[PDB]
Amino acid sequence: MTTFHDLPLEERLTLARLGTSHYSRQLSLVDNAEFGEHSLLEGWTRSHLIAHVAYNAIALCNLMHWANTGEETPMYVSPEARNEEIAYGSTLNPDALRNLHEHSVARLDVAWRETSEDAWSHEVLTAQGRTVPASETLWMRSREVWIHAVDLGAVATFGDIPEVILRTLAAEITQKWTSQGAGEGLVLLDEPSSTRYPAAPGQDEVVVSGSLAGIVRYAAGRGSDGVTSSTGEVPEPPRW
């Protein structure tokens, strides 16, 4: 069982496009009057989330420009600028935000469509400091649209997410925790497939198990309803 990264470029582009359409269907379900209400993400109204998804598309466009021109263009000018623009976007009227989402989506797709073969492997830097090939934007965008589709609070679920994306997320999140020395002894178990996703090593093992969608929702900090613990009590997972 392969990861998103092993997939051919065309299939990764399709998954990103599918996730975007999935996210857009959820946004379409939300009413303009509901933008000001809390999203499923603490501290963020739907407007904040909707703005963020658009600014992320724009940030990924920067990496693709960097890739195609060879001229360094970071995802965001600065952490402050990233936060400040999300703050600004969250104040915009609903239709303005729907237009921003639509246009930012369209522009990122064009960026991908016009990317040269060599540019796809050009090294760029993520906002988190990772050195990756430009093609990583296909994965990065997929994480955003498939997961934030759920955060919109309409009808999207982790169960809606293609397994290849869920498997890659389970591995990535636990790999991130491991790199940070987080989640000592904590191991996620995709019970149906008997696949373990360990974090940092510890003396007391705690196995949190469920279906793949269940452990990913859990690892993503979005709930424990789909998992159970080997100790009878599910701990709060390390942040992500």
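When you see a residue number, it is the position in the sequence shown, counting from 1.
> Hey, which bit's got the bigger mean C-alpha B factor in the entry, 34-42 or 61-69?
The entry gives the higher C-alpha B-factor average to 34-42.
> For the C-alpha atoms alone, is the average B factor greater in 92-100 or in 137-145, going by the entry?
Stretch with the greater average CA B-factor: 92-100.
> Tell me, please, which of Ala119, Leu108, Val164, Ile86 has the highest C-alpha B factor according to the deposited entry?
Out of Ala119, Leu108, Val164, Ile86, the record gives the largest C-alpha B-factor to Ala119.
> By the recorded C-alpha temperature factor, relative to the other modelled residues in its chain, which third is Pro198 in?
Lowest third - that is where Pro198 ends up once the chain's C-alpha B-factors are sorted.
> Sorting by Cα B-factor within the chain, modelled residues only, which third would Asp190 end up in: lowest, middle or highest?
For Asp190, the deposited C-alpha B-factor lands in the lowest third.
> Classify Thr14 as lowest, middle or highest third according to the C-alpha B-factor given in the PDB entry, relative to its own chain.
According to the entry, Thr14 has a C-alpha B-factor in the chain's middle third.
> Hey, what third does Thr115 fall into on Cα B-factor, ranked over its chain?
CA B-factor rank for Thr115: highest third.
> Per the entry's values, where does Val155 land by CA temperature factor relative to the rest of its chain, in the lowest, middle or highest third?
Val155: CA B-factor falls in the highest third of its chain.
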